[PDB]
Amino acid sequence: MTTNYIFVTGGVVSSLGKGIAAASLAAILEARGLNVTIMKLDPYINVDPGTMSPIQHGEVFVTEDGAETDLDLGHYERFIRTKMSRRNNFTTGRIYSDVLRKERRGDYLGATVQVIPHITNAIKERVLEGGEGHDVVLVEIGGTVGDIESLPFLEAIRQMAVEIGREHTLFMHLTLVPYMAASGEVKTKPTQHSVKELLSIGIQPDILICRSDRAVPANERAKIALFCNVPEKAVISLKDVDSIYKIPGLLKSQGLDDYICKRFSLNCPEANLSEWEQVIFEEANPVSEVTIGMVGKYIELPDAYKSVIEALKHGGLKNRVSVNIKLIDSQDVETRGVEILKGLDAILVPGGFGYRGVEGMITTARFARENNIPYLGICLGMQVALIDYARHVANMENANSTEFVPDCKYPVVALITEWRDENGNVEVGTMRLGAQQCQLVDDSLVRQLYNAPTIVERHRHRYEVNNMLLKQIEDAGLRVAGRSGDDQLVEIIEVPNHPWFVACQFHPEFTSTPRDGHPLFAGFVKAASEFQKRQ
Amino acid sequence: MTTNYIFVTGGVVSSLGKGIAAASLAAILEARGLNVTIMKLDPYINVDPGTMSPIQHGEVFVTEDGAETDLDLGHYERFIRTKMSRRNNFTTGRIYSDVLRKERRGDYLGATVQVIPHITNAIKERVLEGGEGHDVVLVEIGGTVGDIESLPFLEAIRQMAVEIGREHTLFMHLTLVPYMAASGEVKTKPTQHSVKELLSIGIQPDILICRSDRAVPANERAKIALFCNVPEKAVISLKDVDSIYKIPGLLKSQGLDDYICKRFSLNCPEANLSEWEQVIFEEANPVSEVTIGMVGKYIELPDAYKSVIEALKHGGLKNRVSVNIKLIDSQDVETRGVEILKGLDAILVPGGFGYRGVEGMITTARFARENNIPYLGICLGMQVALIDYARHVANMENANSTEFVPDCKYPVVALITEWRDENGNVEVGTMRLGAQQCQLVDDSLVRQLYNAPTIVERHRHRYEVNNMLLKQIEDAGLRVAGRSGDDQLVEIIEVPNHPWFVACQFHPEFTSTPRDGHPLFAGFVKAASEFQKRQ
Amino acid sequence: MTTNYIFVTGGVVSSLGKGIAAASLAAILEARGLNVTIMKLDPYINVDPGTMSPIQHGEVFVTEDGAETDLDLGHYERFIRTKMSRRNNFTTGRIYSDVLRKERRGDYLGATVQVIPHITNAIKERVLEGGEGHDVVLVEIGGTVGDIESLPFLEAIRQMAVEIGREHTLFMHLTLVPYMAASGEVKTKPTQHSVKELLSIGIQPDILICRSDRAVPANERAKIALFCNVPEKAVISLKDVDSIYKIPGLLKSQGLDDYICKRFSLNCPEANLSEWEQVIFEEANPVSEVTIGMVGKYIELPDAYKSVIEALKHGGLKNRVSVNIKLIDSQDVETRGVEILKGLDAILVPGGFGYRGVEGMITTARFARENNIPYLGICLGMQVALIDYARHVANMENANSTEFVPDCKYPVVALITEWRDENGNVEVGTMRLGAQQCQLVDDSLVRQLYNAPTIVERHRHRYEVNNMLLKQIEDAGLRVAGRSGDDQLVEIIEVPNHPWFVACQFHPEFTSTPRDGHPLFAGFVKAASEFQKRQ
Ligand SMILES: Nc1ncnc2c1ncn2[C@@H]1O[C@H](COP(=O)(O)OP(=O)(O)OP(=O)(O)O)[C@@H](O)[C@H]1O
Ligand SMILES: Nc1ncnc2c1ncn2[C@@H]1O[C@H](COP(=O)(O)OP(=O)(O)OP(=O)(O)O)[C@@H](O)[C@H]1O
Ligand SMILES: Nc1ncnc2c1ncn2[C@@H]1O[C@H](COP(=O)(O)OP(=O)(O)OP(=O)(O)O)[C@@H](O)[C@H]1O
Ligand SMILES: Nc1ccn([C@@H]2O[C@H](COP(=O)(O)OP(=O)(O)OP(=O)(O)O)[C@@H](O)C2(F)F)c(=O)n1
Ligand SMILES: Nc1ccn([C@@H]2O[C@H](COP(=O)(O)OP(=O)(O)OP(=O)(O)O)[C@@H](O)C2(F)F)c(=O)n1
Ligand SMILES: Nc1ccn([C@@H]2O[C@H](COP(=O)(O)OP(=O)(O)OP(=O)(O)O)[C@@H](O)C2(F)F)c(=O)n1
Ligand code: NA
Ligand code: NA
Ligand code: NA
Ligand code: NA
Ligand code: NA
Ligand code: NA
């Protein structure tokens, strides 16, 4: 069977729901038994998000293969069970970098290297590479139609549609249908103008996804159909919803997947969304409520912790608990003290880099440990927990990471090459990215929760637990719950004299889904519920 | 000095606030002592709105000279004291009608008559004729930039800017800056795309009026300025406000009138908005509250009663009464009965044509009269009041208008040329439009409200009170309060055994302003307040 | 079966060949046995070209039914045998006139009359009415894609394509592919930009007709196809040719009619272009050469005499005579005298209105008569011939038309209602338009040329031969060769003491075709050939 492509574009505005819409449509098609995948084409010049600030861009998502990618690939993995890799995300930067290397080498044989065909050919080659061996490939085009930055992507997919044929390619265009308070009407005019802009680049949209703060009524959908060369049944209402997990159902009920399967001549059973119906049911019917403090250094942009916030929500679903997530600036713990950590049923310290706000997180880890408040530490969260214990239990004064204080006496966290003891004595690829097997210690809390001896979780860090100083911290009562590799690096630590204290080096939020949840976050939210009840 | 033009255009959507923004800016310039006028260019093909139904594009406004115009001219008269005429409003229909007339009789001397220059020349001639010897002329262009229907208007004003020069012409462009709930940000992208659309038509905007449901922050305004070749100070925030009377102050506070006066080299004093501050103060400081029911056949589109709704609010300002306007379908009175007129402090029956919903209005007038509930009838409102009194007091069974039942025994309302008595005996440009003198009767409510023997009000009707059946209705207790012309046509009637029952042929709502109010509406709202307390 | 539409548009420039391309394609489809018609949509505001001067947009063509139309309908009748009528040509003026008429009398029932749907509906109705029960209807859109004036036509045909469906609608778009002298290459960039402009209006072209001063090579056609979403085989080369009669063959050789018949599912035999091959053969194989002078007042724009120039060429085909047409200003005859009529084998004085250049034509008719030079006078050409003979043979000094000198003693030409003799004595819809029967006199040139007692030819004139002064001119030797109607109006005159002197009221050029020729023009060109040899 020929691979089919759905090119997903956005008009009028960004922040429109392109990624969620693509992920939601992919979920419907996977629920019909189809082999589906999604890829994100980002128009920014960064070769990849590896170097990009969480505050500016949102979280850096990590795939099994260790690619640093757009957070949209997080949405993809939470909506479909196809595993994402490097091939599922690429930037304008990547494309120009590759073409420039081929040019400077001499691969183009003295030819003038042009946006067309050289840049467009490089785009098409990466789309085909990502799409090969799937029934349906959804290709999310970042940016807004009419902007300079996405034109090469739009010209590339236009060429692909002609080459491959309209029997195996569809253009799905999102637009904004805004509400005007004064007249009490939703407005199709931006959709009319956006479709003309998309046509002016050479693309006739097949499907229009109308985003609005309410349902787009039949009169407005008919008006959009009339002006845009699109049949009325291919003009789809996608209103603002209180849960994105409802969107697969909303799109199915408007026959979007029927329309797509008809165009692609795919004979497949009706979409079974029973698992999504269960997720929606669980979320709408919590029995208890908990407040969980997320104490970090990037709270000014919540999307910095997209996968963590979702993983906590998924913890709620499995326990039938409504999780109130309180984003707390760790620098406010440094300034105003531990007073701002009161009325929390649990505390989570997520990932981060740089010393700014870290002392606040160390204080937070101490507060949670001493007051028996459920604690989950992720990467930096497990560093500050180890530092807390080293300082305040093992009596290793001013214990720190070499990242923050390079020449500290007790570098409990440091690079493998930097490993030294308190006397400066030493033993006789630094960045860990992507999936790695971790061995769980018998009788550990995590061994019970994961219900297995070994687990596969994803890393994004280079600063490790210093094995030379570990024995002293272990003797002071701290437990090693997980290890990995030949160098037996510490992956998980637990404080046993505590209802629920777990900290891990890996990013468990990256394997959490609404349908399958996550053993660690489910345990954490349960502990939060049990704590809330005891008060 | 040379006449200055401000061309006001709208992008992204209609219902944007072009009329209110133009009127509000004109109010600031008038408060600086400038001779200012406004005109509306409507892209619809109707020669004028005389033929258009109210539920289509709102009320048909009537000027002193009897022109049937866009309701925007109502906004203009409520914001500036410059009186509107036929030359302050014209349509595409009017332009093509005039050019086709000239062409068919041979005025173009065998020339090919073209959109340019013949249609655009006709537009420029009407703009100049309406612009006269004013200091500043605001020219509001109907429709949305990028649509087919407004392109001749836009090409015309582009040519005017070049001819007159940019020292005496400004382009003021309104755009939508919508709020995205999920991201919590207002979006400048529609403004960016709309300005490029306006530029592609040959117009560089000088001023951007950014419409949003909240203030457009400095960052967003600075971004708009960066992409649109517009100075940051010429990017103006116009949020949704609870009162349009506040808009002159909000525009002044951002220096819009300073920018305009600087560009036009107009040395005039700072705007004194004391009159608007007073209107706002009155509105914000009511003493009591009333619920006035408006019972009509066009309530599905409130803009059908734009001037009447505003006139009732002005009535409130003058009494410090907060008027809750309840729009009631007259057909619901026919179905569900008088029960839906309960809990009303007053009843207004406004203008209308056709028999649909009229019997409900006659029932409504009966209820108001019999239960001593304050009543104001405008045009059709007076007809139904005369029919009510004819049927139920003067014992003229099945009394009606010839408009509704042509061959009724008692045509109490009819064309002057249809006037007959109950036996079919007779006496011996029916359409009355615009300002006409009315003589008031010595001992009437209206004589003491207007405090003058004669008044000037505006008509839009052909169906008159039948003088042949009047004397019998007068004997039954109905009072004629106002008459006009050689044919002594009945203009105002009153039911004297009632706290406040007045009904007029003319449209008093067209001469009501927020600053000067209206004697009749002030009296009506006062009567409503007295009934409210009395109960 | 369902009627099929080919919408013919032009990009980049006007004067592109839309009319000739449409007519040429229609000739191929007719040669496949298809029932085919063509209509012209003109974006000018003139209700019809009746009022337009010839020097503006060329000759006013007249159909059988007396419609005054664009000269394109002349191209249509010269290429297909389907007779044109009023419904094969309409203007923006006609559309707005009709919609304004309907609106003012209340046919739209209080609706806001808009470009869409009211103007576009009116366009679609006239296209369908003209399209009738034909197999294929070619719809030529005047103006250039991207201009304001054609946007309603383009929106209308876009809606038709959607409604009727793409199985019965094709978009054929003409573009300019200009030659750059310095680089020696033809440029596809204007085609690329024009197609994007057409797409931005909502129309994807199916066929691209590439106009150039030479063949568009495979590389350029392949490039156009790549950027325009058009199959390579649907990119057609239409070079500048020495004969428009070759165009049907050139389009057929590139498979254009095959592509169209495949898209429309039309099973019809291969086009037999034998009739066109014969015309081309005749044209390429002349035996002798003649110089015919055309003496008129509109020679500044040759298209003023489009049909007359073509009719003379058709006269050449039928005699195997190469006709060198010399355009001579009749005002130059007034200034420089008869000297500029030297070296002419024949003289044609065509139609015209107004006195400017008429005396030069009268002098021209005198020269042709006195020096036995073959003469054909059409309409004004006959008037000046009658005036010439009246003045210089019948001794009616200062004899003239009432059009030129209203109060002349001998008004030999005048309106029927102005008919008076030399003493001022009298007898007892003046505008004659379209096909009218003419009775020919037994012993006349025309009776033996037409070989019938009656003929049908087309009129466009109000000024008639004065029957009151005719008898005196007949006595002086002038022969009446043709008459018509109850008023026995003079249609044809001959000077019998002359090798070939004929002049007619009607426009015989409007019934001349390259395939069937015309008996009068064939005779005229033969007489020219005989004079050439005789000299
Ligand atoms: N139907 C919806 N209802 C409510 N929120 C939604 C809906 N669709 C998307 N969202 C939310 O809107 C935000 C943006 O969605 P998403 O990232 O998919 O859009 P996008 O077009 O890819 O944006 P950008 O390209 O600017 O990153 C997210 O917070 C997402 O959860
Ligand atoms: N700043 C504002 N705050 C609140 N309401 C507003 C504001 N400006 C305009 N409105 C309201 O919005 C509606 C449309 O205003 P207006 O008629 O001026 O717009 P417009 O662009 O001329 O509309 P249209 O093109 O549809 O005729 C009216 O109800 C008006 O009162
Ligand atoms: N292939 C061709 N070779 C030579 N001359 C041509 C060709 N096609 C058209 N012409 C000539 O070009 C001129 C314009 O042709 P035509 O009237 O069909 O164009 P058009 O696009 O309809 O023009 P306009 O829009 O200005 O009315 C005429 O003189 C015609 O004979
Ligand atoms: N390409 C187009 C499309 C439309 N229009 C003209 O657009 C006008 C309607 O303008 P509105 O009411 O603001 O727009 P709406 O389409 O209803 O969209 P919304 O859903 O945002 O309200 C018609 O007169 C027209 F004529 F139809 C136009 O001139 N050119
Ligand atoms: N003409 C332009 C303008 C911008 N951009 C690109 O637009 C991108 C930003 O997209 P966003 O965040 O949706 O746009 P915003 O301007 O901030 O508008 P909003 O106020 O609606 O959020 C940049 O990468 C860019 F590169 F700047 C572009 O490609 N071409
Ligand atoms: N939509 C497009 C299309 C092309 N190009 C760029 O256009 C460039 C080529 O420019 P040229 O040589 O003038 O264009 P040609 O297409 O060959 O047209 P002509 O037949 O008139 O010569 C490439 O670098 C490009 F990159 F291909 C572009 O930037 N955007
Ligand atoms: Na996104
Ligand atoms: Na609308
Ligand atoms: Na308005
Ligand atoms: Na932005
Ligand atoms: Na033509
Ligand atoms: Na080139």
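All heavy atoms count here, side chains included; hydrogens, waters and symmetry mates do not. Sequence lines set the chain letters: A, B, ... in the order given, protein chains first and strands last, and positions in each chain run from 1.
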With a 4.5 Å limit on heavy-atom distance, are the side chains of C:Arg369 and C:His392 in contact? yes
Without hydrogens or angle criteria, can the side chains of C:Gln472 and C:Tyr410 be said to hold a donor-acceptor pair below 3.5 Å? no
What I want to check is whether the side chains of C:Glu310 and C:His518 have a donor and an acceptor closer together than 3.5 Å. no
Indicate every side-chain donor-acceptor pair of residues 473-486 of chain C with a distance under 3.5 Å to a residue at least two apart or in another chain.
| from | atom 1 | to | atom 2 | distance (Å) |
| --- | --- | --- | --- | --- |
| C:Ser484 | OG | C:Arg432 | NH1 | 3.4 |
| C:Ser484 | OG | C:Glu491 | OE2 | 2.2 |

Pair C:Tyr44-B:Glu103, side-chain donor/acceptor within less than 3.5 Å: no
Worked check of salt bridge (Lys or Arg N to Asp or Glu O under 4.0 Å) between B:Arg104 and C:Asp48: CA-CA 9 Å; B:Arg104 281 291 87 182; C:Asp48 61 52; 3.4 Å; yes
If you measure only the distance, is there a donor-acceptor pair under 3.5 Å linking the side chains of C:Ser512 and C:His314? yes
Regarding C:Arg87 and C:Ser85, do their side chains bring together a donor and an acceptor under 3.5 Å, going by distance alone? yes
Looking at C:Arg81 and C:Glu275, does any basic side-chain N land under 4.0 Å from a carboxylate oxygen? yes
Side-chain touch C:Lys526/C:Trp500, heavy atoms, less than 4.5 angstrom: no
What do you reckon, is NE2 of C:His57 surrounded by more than 12 foreign heavy atoms closer than 6.0 Å? no
side-chain contact (heavy atoms from CB on, under 4.5 Å) evaluation trace for C:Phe61 with C:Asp72: CA-CA 8 Å; C:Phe61 190 78; C:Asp72 272 343; over 6 Å; no
I'd like to know if the side chain of C:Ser243 pairs up with that of C:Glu283 as donor and acceptor (distance under 3.5 Å, no hydrogens or angles considered). yes
Would you call C:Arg447 and C:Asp442 a salt bridge, taking side-chain N to carboxylate O under 4.0 Å as the test? yes
Which of parallel (below 30°), tilted (30 to 60°) and perpendicular (above 60°) describes C:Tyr355 and C:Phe404? parallel
Run the numbers on C:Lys102 and C:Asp98 for salt bridge (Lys or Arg N to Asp or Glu O under 4.0 Å), then give the verdict. CA-CA 6 Å; C:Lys102 284 185 70 187; C:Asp98 290 353; over 6 Å; no
Run the salt-bridge test on C:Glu359 and C:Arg391 with the 4.0 Å N-O cut-off and return the result as yes or no. yes
